[PDB]
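Coordinates from structure08.csv are shown below (CSV, C-alpha atoms).
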chain,number,residue,atom,x,y,z
Y,54,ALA,CA,-12.5,-47.3,0.6
Y,55,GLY,CA,-10.5,-44.8,2.4
Y,56,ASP,CA,-9.6,-43.2,5.7
Y,57,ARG,CA,-8.6,-39.8,4.4
Y,58,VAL,CA,-10.1,-37.4,1.8
Y,59,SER,CA,-8.1,-34.4,0.5
Y,60,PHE,CA,-9.6,-31.3,-1.1
Y,61,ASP,CA,-7.8,-28.4,-2.7
Y,62,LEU,CA,-8.1,-24.6,-3.0
Y,63,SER,CA,-7.0,-22.7,-6.1
Y,64,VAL,CA,-5.8,-19.3,-4.8
Y,65,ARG,CA,-6.2,-16.2,-7.0
Y,66,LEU,CA,-3.6,-15.0,-9.5
Y,67,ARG,CA,-1.3,-12.5,-7.9
Y,68,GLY,CA,1.4,-11.0,-10.2
Y,69,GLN,CA,2.5,-8.0,-12.2
Y,70,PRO,CA,1.1,-7.3,-15.6
Y,71,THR,CA,3.6,-6.5,-18.3
Y,72,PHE,CA,2.8,-3.0,-19.4
Y,73,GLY,CA,3.9,-1.7,-22.8
Y,74,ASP,CA,5.5,-4.0,-25.3
Y,75,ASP,CA,7.6,-5.9,-22.8
Y,76,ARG,CA,7.7,-9.6,-23.8
Y,77,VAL,CA,5.5,-11.8,-21.6
Y,78,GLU,CA,6.1,-15.3,-23.1
Y,79,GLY,CA,8.1,-17.2,-20.5
Y,80,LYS,CA,6.9,-15.1,-17.6
Y,81,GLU,CA,3.8,-17.1,-16.7
Y,82,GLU,CA,2.3,-17.3,-13.3
Y,83,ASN,CA,2.0,-20.8,-11.9
Y,84,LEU,CA,-1.3,-21.9,-10.5
Y,85,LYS,CA,-0.9,-22.4,-6.8
Y,86,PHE,CA,-3.0,-25.2,-5.3
Y,87,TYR,CA,-3.3,-25.6,-1.5
Y,88,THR,CA,-4.0,-28.9,0.1
Y,89,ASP,CA,-5.8,-30.1,3.2
Y,90,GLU,CA,-6.8,-33.5,4.6
Y,91,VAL,CA,-9.3,-35.0,7.1
Y,92,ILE,CA,-8.9,-38.4,8.7
Y,93,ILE,CA,-11.7,-40.8,9.8
Y,94,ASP,CA,-11.7,-43.0,12.9
Y,95,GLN,CA,-14.4,-44.8,14.8
Y,96,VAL,CA,-16.1,-43.4,17.9
Y,97,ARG,CA,-18.0,-45.9,19.9
Y,98,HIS,CA,-19.6,-46.0,23.4
Y,99,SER,CA,-21.6,-48.6,25.4
Y,100,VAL,CA,-24.1,-48.4,28.2
Y,101,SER,CA,-25.0,-51.2,30.7
Y,102,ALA,CA,-28.4,-52.2,31.9
Y,103,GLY,CA,-27.4,-54.0,35.1
Y,104,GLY,CA,-28.2,-57.6,35.7
Y,105,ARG,CA,-31.2,-59.8,36.4
Y,106,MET,CA,-31.0,-58.6,40.0
R,54,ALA,CA,-4.8,3.6,-35.9
R,55,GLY,CA,-4.4,5.9,-32.9
R,56,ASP,CA,-2.4,6.0,-29.7
R,57,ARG,CA,-4.2,8.9,-27.8
R,58,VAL,CA,-7.7,10.4,-27.8
R,59,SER,CA,-8.3,14.1,-27.4
R,60,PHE,CA,-11.9,15.0,-26.6
R,61,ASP,CA,-13.4,18.5,-26.0
R,62,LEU,CA,-15.6,20.5,-23.6
R,63,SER,CA,-17.8,23.3,-24.9
R,64,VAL,CA,-18.0,25.8,-22.1
R,65,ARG,CA,-21.1,28.0,-21.8
R,66,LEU,CA,-21.6,31.3,-23.7
R,67,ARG,CA,-21.0,34.5,-21.7
R,68,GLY,CA,-21.2,38.1,-22.6
R,69,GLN,CA,-23.4,41.2,-22.4
R,70,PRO,CA,-26.6,41.2,-24.5
R,71,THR,CA,-27.4,44.4,-26.4
R,72,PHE,CA,-30.7,45.8,-25.1
R,73,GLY,CA,-32.7,48.2,-27.3
R,74,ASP,CA,-32.2,48.8,-31.0
R,75,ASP,CA,-28.4,49.2,-30.9
R,76,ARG,CA,-26.8,47.6,-33.9
R,77,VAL,CA,-25.1,44.2,-33.5
R,78,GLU,CA,-22.6,43.1,-36.0
R,79,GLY,CA,-19.2,43.0,-34.3
R,80,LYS,CA,-20.2,42.4,-30.6
R,81,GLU,CA,-20.1,38.6,-31.3
R,82,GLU,CA,-18.9,36.2,-28.7
R,83,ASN,CA,-16.4,33.5,-29.5
R,84,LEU,CA,-16.9,29.7,-28.9
R,85,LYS,CA,-14.1,28.7,-26.5
R,86,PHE,CA,-13.3,25.0,-26.0
R,87,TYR,CA,-11.2,23.0,-23.6
R,88,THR,CA,-9.2,19.8,-24.3
R,89,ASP,CA,-8.0,16.8,-22.5
R,90,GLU,CA,-6.1,13.7,-23.7
R,91,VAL,CA,-6.1,10.1,-22.8
R,92,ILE,CA,-3.2,7.8,-23.7
R,93,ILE,CA,-3.8,4.1,-24.4
R,94,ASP,CA,-1.4,1.3,-23.8
R,95,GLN,CA,-1.2,-2.5,-23.6
R,96,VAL,CA,-1.4,-4.8,-20.6
R,97,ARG,CA,-1.4,-8.6,-20.5
R,98,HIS,CA,-0.5,-11.5,-18.3
R,99,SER,CA,-0.3,-15.3,-18.7
R,100,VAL,CA,-0.8,-18.5,-16.8
R,101,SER,CA,0.9,-21.8,-17.4
R,102,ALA,CA,-1.4,-24.9,-17.3
R,103,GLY,CA,1.6,-27.1,-16.5
R,104,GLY,CA,3.3,-30.0,-18.2
R,105,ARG,CA,1.8,-33.2,-19.7
R,106,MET,CA,3.0,-35.0,-16.6
U,2,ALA,CA,13.6,-14.1,10.6
U,3,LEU,CA,12.3,-14.6,7.0
U,4,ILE,CA,12.6,-11.8,4.5
U,5,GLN,CA,10.3,-12.8,1.7
U,6,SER,CA,11.2,-10.9,-1.4
U,7,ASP,CA,8.7,-10.1,-4.1
U,8,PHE,CA,10.0,-13.1,-6.1
U,9,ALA,CA,8.9,-15.6,-3.5
U,10,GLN,CA,5.5,-14.5,-2.4
U,11,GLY,CA,4.3,-14.7,-6.0
U,12,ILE,CA,4.1,-11.0,-6.5
U,13,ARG,CA,6.7,-11.1,-9.2
U,14,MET,CA,7.1,-14.3,-11.3
U,15,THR,CA,10.3,-15.8,-12.6
U,16,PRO,CA,11.1,-16.6,-16.2
U,17,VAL,CA,11.4,-20.3,-17.3
U,18,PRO,CA,12.8,-21.2,-20.7
U,19,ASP,CA,10.6,-22.8,-23.4
U,20,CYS,CA,13.4,-25.0,-24.7
U,21,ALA,CA,16.4,-27.1,-23.7
U,22,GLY,CA,19.8,-25.6,-23.2
U,23,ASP,CA,18.4,-22.1,-23.5
U,24,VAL,CA,19.9,-20.2,-20.6
U,25,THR,CA,17.7,-17.9,-18.5
U,26,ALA,CA,18.5,-15.1,-16.0
U,27,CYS,CA,16.4,-12.8,-13.8
U,28,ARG,CA,17.6,-10.2,-11.3
U,29,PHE,CA,16.3,-11.5,-8.0
U,30,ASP,CA,16.5,-8.4,-5.7
U,31,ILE,CA,15.2,-7.1,-2.4
U,32,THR,CA,14.7,-3.7,-0.8
U,33,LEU,CA,15.7,-4.5,2.8
U,34,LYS,CA,13.4,-2.2,4.8
U,35,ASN,CA,15.2,-3.2,8.0
U,36,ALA,CA,19.0,-3.7,8.5
U,37,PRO,CA,20.6,-7.2,8.1
U,38,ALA,CA,21.3,-9.0,11.3
U,39,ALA,CA,22.8,-12.4,12.1
U,40,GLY,CA,20.5,-15.3,11.5
U,41,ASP,CA,18.3,-13.7,8.8
U,42,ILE,CA,17.4,-15.9,5.9
U,43,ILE,CA,16.6,-13.5,3.0
U,44,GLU,CA,14.5,-15.6,0.7
U,45,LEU,CA,15.1,-13.7,-2.5
U,46,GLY,CA,14.7,-15.9,-5.6
U,47,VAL,CA,13.1,-19.1,-6.8
U,48,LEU,CA,14.8,-21.6,-9.1
U,49,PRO,CA,12.2,-23.3,-11.3
U,50,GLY,CA,11.9,-27.0,-11.5
U,51,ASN,CA,14.0,-29.2,-13.8
U,52,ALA,CA,16.5,-26.3,-13.9
U,53,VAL,CA,20.1,-26.2,-12.7
U,54,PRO,CA,22.3,-23.2,-12.0
U,55,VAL,CA,25.0,-22.5,-14.6
U,56,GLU,CA,26.5,-19.2,-13.5
U,57,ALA,CA,25.5,-16.7,-10.8
U,58,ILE,CA,26.5,-13.1,-10.2
U,59,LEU,CA,25.7,-12.0,-6.6
U,60,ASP,CA,25.4,-8.2,-6.6
U,61,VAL,CA,24.9,-6.3,-3.3
U,62,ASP,CA,25.1,-2.7,-2.2
U,63,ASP,CA,27.4,-1.5,0.6
U,64,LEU,CA,26.0,-3.4,3.6
U,65,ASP,CA,28.6,-2.2,6.2
U,66,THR,CA,29.0,1.2,7.8
U,67,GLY,CA,32.1,1.1,10.0
U,68,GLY,CA,35.7,0.0,9.6
U,69,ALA,CA,36.8,-3.6,9.7
U,70,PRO,CA,33.6,-5.1,8.3
U,71,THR,CA,32.7,-8.7,8.8
U,72,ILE,CA,29.4,-9.4,7.1
U,73,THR,CA,29.4,-12.6,5.1
U,74,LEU,CA,26.7,-13.9,2.8
U,75,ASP,CA,26.2,-17.6,1.8
U,76,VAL,CA,23.7,-18.6,-0.9
U,77,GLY,CA,22.0,-22.1,-1.1
U,78,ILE,CA,19.1,-24.0,-2.3
U,79,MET,CA,16.5,-23.7,0.5
U,80,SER,CA,14.7,-26.9,1.4
U,81,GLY,CA,11.1,-25.9,2.0
U,82,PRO,CA,8.3,-25.2,-0.5
U,83,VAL,CA,8.2,-21.8,-2.1
U,84,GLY,CA,6.8,-19.0,0.1
U,85,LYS,CA,6.2,-21.1,3.2
U,86,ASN,CA,7.1,-18.3,5.7
U,87,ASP,CA,8.3,-20.8,8.3
U,88,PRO,CA,11.4,-20.2,10.5
U,89,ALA,CA,12.2,-24.0,10.3
U,90,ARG,CA,13.8,-23.5,6.8
U,91,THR,CA,17.4,-24.5,6.6
U,92,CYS,CA,19.1,-22.8,3.6
U,93,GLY,CA,22.7,-23.6,2.8
U,94,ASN,CA,25.8,-22.6,0.9
U,95,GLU,CA,25.7,-24.6,-2.3
U,96,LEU,CA,26.1,-21.4,-4.5
U,97,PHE,CA,28.3,-19.1,-2.4
U,98,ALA,CA,30.7,-20.2,0.4
U,99,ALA,CA,30.4,-17.3,2.8
U,100,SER,CA,31.1,-14.6,0.3
U,101,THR,CA,33.0,-11.6,1.5
U,102,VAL,CA,30.9,-9.2,-0.6
U,103,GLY,CA,28.8,-6.8,1.5
U,104,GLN,CA,31.9,-5.3,3.1
U,105,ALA,CA,31.9,-3.0,0.0
U,106,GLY,CA,29.2,-2.7,-2.7
U,107,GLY,CA,30.6,-4.9,-5.4
U,108,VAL,CA,30.1,-7.8,-7.8
U,109,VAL,CA,31.1,-11.4,-7.2
U,110,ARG,CA,30.7,-14.4,-9.6
U,111,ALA,CA,30.3,-18.0,-8.7
U,112,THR,CA,33.9,-19.0,-7.8
U,113,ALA,CA,32.9,-22.3,-6.1
U,114,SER,CA,33.0,-25.7,-7.8
U,115,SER,CA,29.7,-26.7,-6.2
U,116,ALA,CA,27.6,-23.9,-7.5
U,117,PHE,CA,27.9,-25.2,-11.1
U,118,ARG,CA,27.1,-28.8,-10.1
U,119,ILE,CA,23.6,-28.8,-8.6
U,120,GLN,CA,21.1,-31.6,-9.0
U,121,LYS,CA,17.6,-30.9,-10.3
U,122,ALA,CA,14.2,-31.6,-8.7
U,123,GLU,CA,10.7,-31.5,-10.4
U,124,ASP,CA,9.4,-28.9,-7.8
U,125,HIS,CA,10.2,-25.3,-7.4
U,126,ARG,CA,13.0,-24.4,-4.9
U,127,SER,CA,13.8,-21.0,-3.4
U,128,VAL,CA,17.3,-19.5,-3.6
U,129,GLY,CA,18.0,-17.4,-0.6
U,130,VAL,CA,21.0,-15.6,0.8
U,131,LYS,CA,21.8,-16.0,4.5
U,132,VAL,CA,23.8,-13.6,6.7
U,133,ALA,CA,26.1,-16.2,8.2
U,134,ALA,CA,28.4,-13.9,10.2
U,135,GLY,CA,26.7,-10.8,11.8
U,136,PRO,CA,27.5,-7.5,10.1
U,137,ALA,CA,29.7,-4.9,11.8
U,138,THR,CA,27.8,-2.3,13.7
U,139,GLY,CA,25.9,-0.3,11.2
U,140,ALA,CA,23.6,-1.0,8.3
U,141,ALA,CA,20.7,0.6,6.4
U,142,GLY,CA,18.2,-0.1,3.6
U,143,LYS,CA,20.1,-1.6,0.7
U,144,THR,CA,19.3,-3.8,-2.3
U,145,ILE,CA,20.7,-7.3,-2.3
U,146,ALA,CA,20.5,-8.8,-5.8
U,147,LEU,CA,21.4,-12.2,-7.3
U,148,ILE,CA,21.1,-12.9,-11.0
U,149,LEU,CA,21.0,-16.7,-11.6
U,150,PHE,CA,21.8,-18.0,-15.1
U,151,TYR,CA,19.9,-21.3,-14.9
U,152,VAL,CA,19.1,-23.7,-17.7
U,153,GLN,CA,16.2,-26.2,-18.0
U,154,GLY,CA,16.2,-29.7,-19.4
U,155,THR,CA,19.8,-30.9,-18.7
U,156,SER,CA,20.7,-34.5,-18.3
Take the structure in the file and write it out as structure tokens.
Amino acid sequence: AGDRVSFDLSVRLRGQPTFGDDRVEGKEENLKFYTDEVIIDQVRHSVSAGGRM
Amino acid sequence: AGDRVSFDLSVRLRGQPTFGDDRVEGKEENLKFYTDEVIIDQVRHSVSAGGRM
Amino acid sequence: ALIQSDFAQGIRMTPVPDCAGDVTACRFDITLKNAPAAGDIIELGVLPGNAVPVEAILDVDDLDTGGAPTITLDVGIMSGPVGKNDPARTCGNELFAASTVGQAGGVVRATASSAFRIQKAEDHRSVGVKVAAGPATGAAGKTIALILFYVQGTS
């Protein structure tokens, strides 16, 4: 049951490496997730066949 | 345990050969080399999986 | 009108403490390719979630050129998500109340009673200076910096 489904993209890691012996603990790139959503509605149509005349 | 590597190039032998029966004991070419060095270092980077919430 | 520093696009990440009460500071800086003009919102630094500012030196170069300078900078917790690149962002003056630094390259500390009392939110927020009053005629490429002694895990 639902009228909306959301699916995510995990973008690449962009950052600066720590050259030499510079301490890296505590400087940790956060994974960036991007979101999107699609919504569902009905689409109906009807045709008529006249009468008995 | 090393921080830099120094490889070598053995350039060709060049000189004038001694034609005939002329004695050859001092007209000896010398092996000349060339050197280049490469310096190593450390890179690293880290990503944080997040909290427990 | 958004100047996204390297610390907001994700090019350079910010340090977050691995404990409670352990202060943390990082020099959020820009190299302004253009010259500051009224209305610019210089997104310079991000304040990590569950962290609150504790002390903040704002250090800028000489942003004026002529006499009687009038450039004023205010620093606040910008509302939008990090690195949105959207002019609709609001900014504010929670950290600095229209600081007079920029008329001469100098160092100012958080002299306001609201900079030290800032609530925390579980999501990253971007700290960005805004040029409230337009600078006097004349400017050039200069480095605006703002170190931000924030601590995580308060109560």
Fill in: Using all atoms listed in the file: which of Y:58, Y:77, Y:91, Y:102 has the shortest distance to chain U
Y:77
Worksheet entry | Close residues, residue 75 of chain U itself excluded, 8 Å, all atoms listed in the file, min 3 positions apart in chain, as a PyMOL selection string | chain U and resi 93-94+96-100+130-133
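When chain Y serves as the reference and chain R is fitted to it on all C-alpha atoms, the deviation left is 1.9 Å RMSD.
For the atom pair formed by atom CA of residue 64 of chain R and atom CA of residue 93 of chain R, the distance is 26.0 Å, given to one decimal.
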Item to complete: May I ask which of the residues R:54, R:106, R:100, R:92 is the closest one to residue 73 of chain Y, counting all atoms listed in the file?
Response: R:92
Worksheet item: Quick one: which residues from chain R are at most 10 Å off chain Y, using all atoms listed in the file, as a ChimeraX atom specification?
Response: /R:93-103
Worksheet item: Between atom CA of residue 40 of chain U and atom CA of residue 92 of chain U, what is the distance, to one decimal in Å?
Response: 11.0 Å
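Using all atoms listed in the file, the part of chain U that sits within 8 Å of chain Y is made up of residues 11, 12, 13, 14, 15, 16, 17, 18 and 19 of chain U.
For segment 42-53 of chain U, the list of residues within 7 Å, based on all atoms listed in the file and with local chain neighbours fewer than 5 positions off taken out, reads residues 2, 3, 4, 5, 6, 8, 9, 17, 29, 30, 31, 119, 120, 121, 122, 123, 124, 125, 126, 127, 128, 129, 130, 131, 132, 151, 152, 153 and 154 of chain U.
Shell of residue 65 of chain U at 9 Å, with all atoms listed in the file counted and residues fewer than 6 places along the chain excluded, is residues 71, 72, 103, 104, 105, 106, 136, 137, 138, 139, 140 and 141 of chain U.
Proximity ranking of U:20, U:116, U:109, U:79 relative to residue 60 of chain U places U:109 first, based on only C-alpha atoms.
Here the question is which of U:118, U:90, U:37, U:64 gets nearest to residue 155 of chain U using only C-alpha atoms, and that residue is U:118.
The interatomic distance for the pair atom CA of residue 143 of chain U and atom CA of residue 66 of chain U works out to 11.7 Å.
Nearest to residue 147 of chain U of all the residues U:54, U:67, U:84, U:135 is U:54, counting all atoms listed in the file.
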Worksheet item: Can you list, as a PyMOL selection string, every protein, DNA or RNA residue that comes within 10 Å of residue 60 of chain R when you count all atoms listed in the file, leaving out same-chain residues fewer than 4 positions away?
Response: chain R and resi 87-91
Discussion item. I'd like the contact shell of residue 57 of chain U - 6 Å cut-off, all atoms listed in the file, skipping same-chain residues fewer than 6 positions apart - returned as number ranges by chain.
Written reply: U: 110-111, 148-150
